[PDB]
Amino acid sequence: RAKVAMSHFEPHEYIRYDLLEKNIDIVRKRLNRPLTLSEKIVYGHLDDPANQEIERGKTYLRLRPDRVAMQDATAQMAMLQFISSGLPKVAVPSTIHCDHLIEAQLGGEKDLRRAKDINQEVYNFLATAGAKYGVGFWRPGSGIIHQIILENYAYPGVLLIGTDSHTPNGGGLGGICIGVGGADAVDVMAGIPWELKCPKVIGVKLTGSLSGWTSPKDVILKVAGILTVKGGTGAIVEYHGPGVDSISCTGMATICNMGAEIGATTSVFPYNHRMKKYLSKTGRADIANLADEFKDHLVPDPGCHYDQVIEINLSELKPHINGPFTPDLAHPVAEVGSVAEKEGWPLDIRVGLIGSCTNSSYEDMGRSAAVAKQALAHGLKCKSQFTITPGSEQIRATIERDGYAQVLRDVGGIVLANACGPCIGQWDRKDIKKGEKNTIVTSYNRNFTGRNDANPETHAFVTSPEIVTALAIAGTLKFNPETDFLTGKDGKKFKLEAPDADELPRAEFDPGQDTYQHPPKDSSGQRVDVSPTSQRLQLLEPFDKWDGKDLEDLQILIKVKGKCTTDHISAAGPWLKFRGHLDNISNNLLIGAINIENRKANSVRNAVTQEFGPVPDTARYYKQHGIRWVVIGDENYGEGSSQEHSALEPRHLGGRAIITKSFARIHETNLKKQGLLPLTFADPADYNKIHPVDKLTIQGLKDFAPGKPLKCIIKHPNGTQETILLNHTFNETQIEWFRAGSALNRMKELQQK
């Protein structure tokens, strides 16, 4: 049949739409119903389509991903696990992207130069580990993992896994793209099936079309606000309706990206002519013509069943701005000034930030450059400090060329490197003292406490790039671009017109500089060397096998109250220096969670010494004194970033299990990967029966079975004991992960010795 390749860097690796169509037909004959598109791509990729038991919300799917993509903050450890597996070459297409370790201070050239001095040990390690296991290396300066995947590797019907929670961006080009932790990526690179819990499916029906100030961003600001951060847990959001053609391929990618802030497994859009056009503009018109031929299998069946259906009329949608401490608190731009005032949100905006992978496209930058030029033409500049982060070299080279970059500098913006930077908090922020109370509006996705500048008093809002620009000219939340009047140099009160710009370059894309390095697959005789005195990289030492015993009299390290996001468990910013080193990064364990006893961060009672201390130190105390421990947590524990570190570091410091009312998807899978026991209250009111002082015995591990709950005895100080039941989502593939001590230890017992 056709021999069309996956990318311009893997020409011998062919797109298998012929497989997709065979597995779809087998599955559809067993189910006898319409399949949604996500169902066609996910079941179309099953390892065993004829025997795979399929229940939405219940079964685990043995799947076969087409490719793996890692960024450098989650990549080092993924490769440290791959090294430990013993295997010689990765088994599917795989890439590493250096975007995460590049700190914004001075602006792109210098910053990029500095970060290459500063992170030389890591980048070198990644490029050598790549050269060796046959993994593609995109160099520091290339771009952000999600912009490079959409411009180069995402296509209709790909199943892609990425070690990042914002991998769902790829659903803008019609594939199923799921964020995972470095251990799920090791399965796939090692050739062992990847298991996913069969998604439920939220249908969003889009109607009418966008105009003027309204953009893509607003559509998911609106959905985020309607579903709340836990509304899409265990579900894919499938967009459909006549309104989908009205949105560019770029914007469909924005909507899918931020579907991660409502915890969705991923998001997907149906292949359509705005994607055809994008594939052709980015050198892939052959994939586009091959996808016209399989179009049927790349769009939903007639009459397919959504578990939930939300209708969004695009034509009535208003600009929004979400926040400031969660992405699901939505306001129409029109009302946020009035609300800010009412709440003590600092109305004056200190920094406007535009870019990141959620919103640094050619169309996003043109829409921003078109608000910027109207200010300039009346002699203005930003009241607010203004930074621009292009999502790729290709976008920095083309907007530069088509003259957008210039306009953004003339209004006073600084063009940062094509790197995450301020989005992840790699930002040497100096315009505020720590704990100063300020506002910043971003075109980003996540705005949770102190994410961008580590200052917990920063009120960070997320809106769209053209809104960030218009409000950065105002320097106030008190400015609605639709109604209000600016004042030029000329003494004249003007209004700002709605931006219209080209979705794609008139000419084609200017690729920029040399940033890729393909694996020499001739040599591969690189020694990937880890200096044993390195503070950045350390080889993993395997975890203990399970002792065959019940986990008796466990100590509660912390009983967490409210929101305990991954970044509370393992913080980023300055800690990203240690993502290759398990011991020095363990020093950030749970320092950001609030303790229910005293309601502080990083202050828990040591049980022995009765002094209140830091959580890492206290867990290291219990480990050094043989005290096995547990974390009691509330709802949607582990929400956020996909980083497996939130699960390696508790296991490192003697953690045994984490009991919560609910878990976020990725985090729960990482805790199981690492031999820890993720569990949930059979009744969430039981959380109230546990106080910090009690000891807990998890009873029944010997006949740990799927669907069978576990017994937990609460041993109170006073000889009283309650038994509660704890549910778990294990299956027997995962119970062997527990028994072996971790997934990787299990994999190495399967390796014959």
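The numbering used is simple: start at 1 and walk along the sequence shown.
Which of the two stretches, 721-729 or 699-707, shows the higher mean Cα temperature factor in the record? Comparing 721-729 with 699-707, the higher average CA B-factor belongs to 699-707.
When the C-alpha temperature factors are averaged for each of 348-356 and 91-99, which stretch ends up with the higher value in the entry? That would be 348-356.
Quiz for you: based on the deposited Cα B-factor, which of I594, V219, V122, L477 is highest? So the option with the highest C-alpha B-factor is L477.
Hey, out of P140, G655, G391, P520, whose CA B-factor is highest in the deposited coordinates? It is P520.
Is the Cα B-factor recorded for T265 in the lowest, middle or highest third of its chain? For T265, the deposited C-alpha B-factor lands in the lowest third.
Name the third of the chain's ranked CA B-factors that contains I666, choosing lowest, middle or highest. Lowest third, going by the recorded CA B-factors of the chain.
Taking the entry's C-alpha B-factors for this chain, is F485 in the lowest, middle or highest third? For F485, whose C-alpha B-factor we compare with every modelled residue in the chain, the answer is the highest third.
Chain-wide C-alpha B factor ranking for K277, given as lowest, middle or highest third: Middle third by C-alpha B-factor.
By the record's CA B-factor, is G421 among the lowest, middle or highest third of residues in the chain? Middle third, going by the recorded CA B-factors of the chain.
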